[PDB]
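**Student:** sequence, then structure. It's an experimental one.
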2 protein chains.
Amino acid sequence: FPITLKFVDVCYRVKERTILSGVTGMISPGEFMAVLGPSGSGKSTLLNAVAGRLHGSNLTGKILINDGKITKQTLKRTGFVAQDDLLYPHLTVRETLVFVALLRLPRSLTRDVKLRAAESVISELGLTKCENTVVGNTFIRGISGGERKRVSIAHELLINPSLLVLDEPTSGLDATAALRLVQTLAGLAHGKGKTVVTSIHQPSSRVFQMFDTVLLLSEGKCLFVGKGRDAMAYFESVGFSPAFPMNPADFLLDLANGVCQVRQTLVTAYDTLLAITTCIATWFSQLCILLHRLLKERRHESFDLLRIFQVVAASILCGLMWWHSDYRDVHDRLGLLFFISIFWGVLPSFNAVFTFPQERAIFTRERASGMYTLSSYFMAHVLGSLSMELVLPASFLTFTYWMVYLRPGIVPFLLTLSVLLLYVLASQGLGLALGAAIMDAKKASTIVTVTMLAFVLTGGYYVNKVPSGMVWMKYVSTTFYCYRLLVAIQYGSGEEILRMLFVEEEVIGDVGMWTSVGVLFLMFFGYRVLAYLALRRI
Amino acid sequence: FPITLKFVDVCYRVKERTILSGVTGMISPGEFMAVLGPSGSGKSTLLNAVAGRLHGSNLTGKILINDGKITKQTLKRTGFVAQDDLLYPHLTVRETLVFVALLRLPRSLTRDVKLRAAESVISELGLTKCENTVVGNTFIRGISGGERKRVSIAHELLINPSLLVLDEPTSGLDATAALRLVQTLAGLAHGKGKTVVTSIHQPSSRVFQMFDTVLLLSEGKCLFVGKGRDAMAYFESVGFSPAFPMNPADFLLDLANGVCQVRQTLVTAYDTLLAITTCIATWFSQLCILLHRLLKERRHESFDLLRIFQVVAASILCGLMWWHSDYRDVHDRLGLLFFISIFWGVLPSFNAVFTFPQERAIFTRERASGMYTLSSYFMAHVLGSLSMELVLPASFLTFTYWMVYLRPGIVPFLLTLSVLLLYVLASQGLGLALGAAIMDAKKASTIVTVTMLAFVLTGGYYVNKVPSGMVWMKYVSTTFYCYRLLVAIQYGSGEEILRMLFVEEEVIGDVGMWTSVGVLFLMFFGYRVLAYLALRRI
Ligand SMILES: CC1=CC(=O)CC(C)(C)[C@@]1(O)/C=C/C(C)=C\C(=O)O
């Protein structure tokens, strides 16, 4: 319940650099310590010794919680708020925390007690007035910048921690907003008895006064530690004082650099003055939350009105160039089944490469704190993009089948619909597999266009006389199989239009109807087992 | 030479809002006034009465320079630095100002005196240590954030102004950097005798002390105007004083909101206490600078290593699927001239839509201050993208003509090369025309893909039996003419392969060889006169 961080001589290196060189401090419960210092002075590198996320040869020193070397028993009461607010844009403020409660709180609790443990942090972090507004981001009209930091603090206030370690929470806020956000972080130490240690960039006048304890670092030597009242009165005991009306934070940061109307002199004054079946049951609940959580993310990636327009446009071009087409024109119709097969191998695999890059930050953050394990995260993008990446092609083909006059009958329709969707999902798994192998979104959006070019050229339409050494590349192609199958569903084995009439080199093809459905399934599962094995390195 | 801004009762409205409600002040030469206030209190709306860029029914009030109503004779000595540093990323620090000097200083001066009037502002704004480093941006390794504001202040220090009106220059800078940047803005008033009025967001302790005069606005009523020493000593004459060690800017901003341990009380204490051939010669020099200026911008848009890879890839696919192709296979070769014709109508027109959107901020800023006129700006993108958007296609076709075994002979080569480049530039003018009509880069990158889809479908390859009502749309198509011409250059009028053998429906076509070269020229000039008429509204 109480956490007395009692770190001493916290040293640290990096490969040449040294961030911390013997810091020492104590942080008792009910006490609002604030670590101050110049930029690059070693602030964040020491908050990540209170967050316990830096231990090895770099960190040297004994970091203690209640005089005990740190454990994950001691890491269930510590919540480290980082500077990046990683929130999903389309979730309401309440949904954003209702979902994190179910994922974070232990499942032993009921699912109706988890709803109030996530709605009390709303009411006590002052979010009651904006609990039902979209979080948004720069592009989406959302919440204020001061509310987007409270919401990111309610994440770590859901496990009810003891040692709460924020990392520059006020940076980028208003003048009054960054005062209230520290008025609230005082109530967590003065009204709840927590141990809150935060670093602030440039405190205002009222924001420095509300500190109980203060810690100053120049370059990693702990120039001063103690109360906020005893800081400005300590330094003049060596001969330093403001020459003009100052903010006591302003005066103390200047001393951190050595600028007096002195850095090395203020460090030597520290030597002598201030020296079985459930496991498959939790997985299917991590997946049921991760599917309903990021459901509006899979409804903005898919029903963007610049994708509905690029498909309502193709549906009126593709259904006007071929209006009441005739099946006897075997060459006008094999070029329709290759536009349908080009459009839907490029549209899915391209838009599916901006999915893993865009969420590598929210994933690795929320994966390292428990809360899911990449088997339920991967399988919630997979199962969530299947459901949404089939509504545009299913409705393009429903419009481009009765105006184009393709093969009538409910059986040839549902077999063309079935073959499109199985190909829309087999090419989309090419996006997911390249997006995850190359975690860059613009470097991987070019390799999925140089790859759908090698797939469209070798797809069997432009070239009928492929060289003897380039014949294999149509087999690893995904458009070869959707086009072999789209033709065989509208014409067949010839013999019904060879009865009516160049129509045996483009109508009989090379592969069966089942080796074309059995390899558009080995590319469904095969391009997802590679999208996962590529994420097993993050 | 001296500027005594003597504005009085500067009122302002907007449609309901009111930013300023009777401000009054005086700003004499040699005097560093700093206007302070809360966010939205009316700071920037009053700096844009010193920048003279807000006059009409909204602004009401007499704004005076040397007791004279403002003119562009009085607007040649005023330089308004705005918050956005709009610099071209690839220009060196010296080139960025050497180019602005030639465009800004009057051409009566020599071109070697303009070189020193632009290198003295380098030396006296402390840029000598980084004059030969790339400016860069977030993506490009460039200069510091404090040097990127000096460079944007050397722009307005090139016409040698008198009333220099900066707008929040320190916002987003370091702790020490924002001190030096105000140490330098004091030398412009203490070492050069200028009239410098700037608004600062949250001054530090040493940054408030370096103000000569100060102006405080709560919501547009001028709570206080006067020296920096007389501000904290004035308010206690009504009973206000800091209850704890403050920065005097911190204490005064709190009073701006009415927060004392009062807003309306501090305003009433102001009523009674502080109450022919040369014109075508300048144009061809504005164009010679604007071409050498943004030349490295037309070398990053064009030689991006993800465009060299998307064209070195197509050149090895297109030259491996058709390796030693045979001219007797009339259908394998008409599908090669439609890949060449699809690739080069989509690659140029797509990448040419992100040009006018990305520079609508640097253009409108630098156009309103003289310095060019959109006839020389437009004609420097046009003439600058022609030269660079022909190096990739000219070198794709040089590789895909002697491996593919197209029609041998220097005359059929240079006629295919000539027809490609004329089509690469006629489709690129479709990007420029849509990018400028729709100044959004992602909303216009979708209409130039729904348009190159209607152009590729009606290009005469996929459909040979186009409906009776959709036959016109191949004539307004740009791929129809590059494909009609690419075929006629490799086959001709038939008669040489009809001698050797479906090859009269795809080889003779509809349009002549001169109506196909005479409409790929009416789309060069026609898609540029529309890209310009769309920019004549910005
Ligand atoms: C998928 C893709 C990748 C490229 O690099 C070229 C291009 C843009 C043309 C393309 O859309 C390819 C499609 C092609 C060749 C044919 C078509 O569209 O009918």
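**Tutor:** Sure thing, it's come through. Residues are numbered from 1 along each chain as shown, chains lettered A, B, ... in the order given.
**Student:** the residue minimising distance to the centre of chain A: what's it in contact with?
**Tutor:** By CA atoms, centre = their mean, chain A has its centre lying nearest to residue A:359, at 2.4 Å. For residue A:359, the contact set (CB atoms under 8 Å, 6 or more residues apart in numbering or on different chains) is empty. C-beta coordinates here come from the backbone N, C-alpha and C atoms, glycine included.
**Student:** now do the SS call for it.
**Tutor:** When classified by DSSP: H, G, I helix; E, B strand; the rest coil, residue A:359 comes out as helix.
**Student:** got it, and residue A:405?
**Tutor:** Applying three-state DSSP: residue A:405 is coil.
**Student:** what is the neighbour count of it?
**Tutor:** Residue A:405 has 15 neighbouring residues, counting by other CB atoms under 10 Å in any protein chain shown.
**Student:** verify the stated contact: it with residue A:319.
**Tutor:** No: when contacts are counted by CB atoms under 8 Å, residue A:405 is not listed as touching residue A:319 (10.0 Å).
**Student:** so how far is chain B from residue A:473?
**Tutor:** For residue A:473, the distance to chain B (CB to the nearest CB, to the nearest Å) stands at 9 Å.
**Student:** and that residue, how far is that from the ligand?
**Tutor:** 15 Å (CB to the nearest ligand atom, to the nearest Å).
**Student:** please name the nearest non-neighbouring residue to that residue.
**Tutor:** residue A:458 (4.7 Å; CB to CB, 6 or more residues apart in numbering or on different chains).
**Student:** what count of nearby residues applies to that neighbour?
**Tutor:** 24.
**Student:** what sits against it?
**Tutor:** Shown in contact with residue A:458 (CB under 8 Å, 6+ apart): A:466, A:470, A:473-474, A:477, A:479-480, B:321.
**Student:** among the residues you listed, which lie within helices?
**Tutor:** Among those, the ones falling in helices (DSSP state H) are A:479-480.
**Student:** just the buried ones from the contacts of residue A:458?
**Tutor:** Buried by 16 or more other CB atoms under 10 Å in any protein chain shown: A:466, A:470, A:473-474, A:477, A:479-480, B:321, out of those.
**Student:** who in the stretch 351-500 of chain A is up against the ligand?
**Tutor:** Listed as neighbours of the ligand in the stretch 351-500 of chain A under the rule CB under 6 Å from any ligand atom: A:449, A:452-453, A:456.
**Student:** ok, residue A:147 to residue A:297 distance?
**Tutor:** Residue A:147 sits 20 Å away from residue A:297, going by CB to CB, to the nearest Å.
**Student:** where do the helices of the stretch 1-150 of chain A begin and end?
**Tutor:** Applying DSSP state H, counting those that start in this stretch to the stretch 1-150 of chain A gives helices spanning A:43-50, A:93-104, A:120-124, A:147-154.
**Student:** in TSV, list the ones you listed along with mean neighbour count and distance to residue A:521.
**Tutor:** What follows is the helices of the stretch 1-150 of chain A, written out as TSV (neighbours: other CB atoms under 10 Å in any protein chain shown; distance: least, CB to CB, whole Å):
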stretch	mean neighbour count	distance to residue A:521
helix A:43-50	23	46
helix A:93-104	22	32
helix A:120-124	17	46
helix A:147-154	22	42
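**Student:** tell me which of those helices sits nearest to residue B:45.
**Tutor:** Residue B:45 lies closest, by CB to CB, to one member of the helices of the stretch 1-150 of chain A: helix A:147-154, at 26.7 Å.
**Student:** can you give me how far that closest one is from the chain middle?
**Tutor:** Remark: helix A:147-154 is offset 17 Å from the chain centroid, using CA atoms, centre = their mean, to the nearest Å.
**Student:** pull out the buried residues from the longest helix along chain A.
**Tutor:** Taking DSSP H as the criterion, chain A has its longest helix at helix A:410-437. Using 16+ other CB under 10 Å as the burial criterion, the residues of helix A:410-437 that qualify are A:413, A:415-417, A:419-437.
**Student:** next SSE after that helix?
**Tutor:** helix A:444-447 (DSSP states H and E).
**Student:** just checking, what packs against that following helix?
**Tutor:** Under the contact criterion of 3 or more CB pairs under 8 Å, 6 or more residues apart in numbering or on different chains; DSSP states H and E, helix A:444-447 touches helix A:410-437.
**Student:** does any bit of the helix it packs on sit next to chain B?
**Tutor:** No: applying CB under 8 Å from any CB of the partner chain, one finds helix A:410-437 separated from chain B by no less than 13.9 Å.
**Student:** strands along the stretch 201-350 of chain A, start to end?
**Tutor:** A:213-216, A:224-227 (DSSP state E, counting those that start in this stretch).
**Student:** now those as a markdown table including mean neighbour count?
**Tutor:** Shown next, in a markdown table, are those (neighbours: other CB atoms under 10 Å in any protein chain shown):
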| stretch | mean neighbour count |
| --- | --- |
| strand A:213-216 | 23 |
| strand A:224-227 | 18 |
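**Student:** got the contact list for stretch A:367-379?
**Tutor:** Outside stretch A:367-379, the residues within contact range by CB under 8 Å, 6+ apart are A:100, A:103-104, A:283, A:286-287, A:290, A:363, A:366, A:531-532, A:535-536, A:538.
**Student:** now do that stretch: distance to the chain's middle.
**Tutor:** Offset of stretch A:367-379 from its chain centre (CA atoms, centre = their mean): 12 Å.
**Student:** before we move on, the earlier item: now the strands of the stretch 201-350 of chain A in JSON lines, with distance to chain B?
**Tutor:** As requested, the strands of the stretch 201-350 of chain A are exported to JSON lines (distance: least, CB to the nearest CB, whole Å):
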{"stretch": "strand A:213-216", "distance to chain B": "14"}
{"stretch": "strand A:224-227", "distance to chain B": "14"}
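**Student:** tell me which of those sits nearest to the ligand.
**Tutor:** Taking CB to the nearest ligand atom, strand A:213-216 is the member of the strands of the stretch 201-350 of chain A nearest to the ligand, at 56.3 Å.
**Student:** so what strands line up beside the closest one?
**Tutor:** Its sheet considered, strand A:213-216 pairs with strand A:32-36 (parallel), strand A:224-227 (antiparallel) by DSSP bridges.
**Student:** which of these sits closest to residue A:507?
**Tutor:** Proximity to residue A:507, assessed across the strands paired with strand A:213-216 by CB to CB, is greatest for strand A:32-36 (75.2 Å).
**Student:** can you give the contact residues for that closest one?
**Tutor:** A:25, A:27, A:43, A:46-47, A:185-186, A:189-190, A:196-200, A:203, A:210-217, A:228, A:249, A:252-253, A:256.
**Student:** could you list the contact residues of the stretch 1-150 of chain A toward chain B?
**Tutor:** So far as CB under 8 Å from any CB goes, the stretch 1-150 of chain A lies against chain B at A:38-39.
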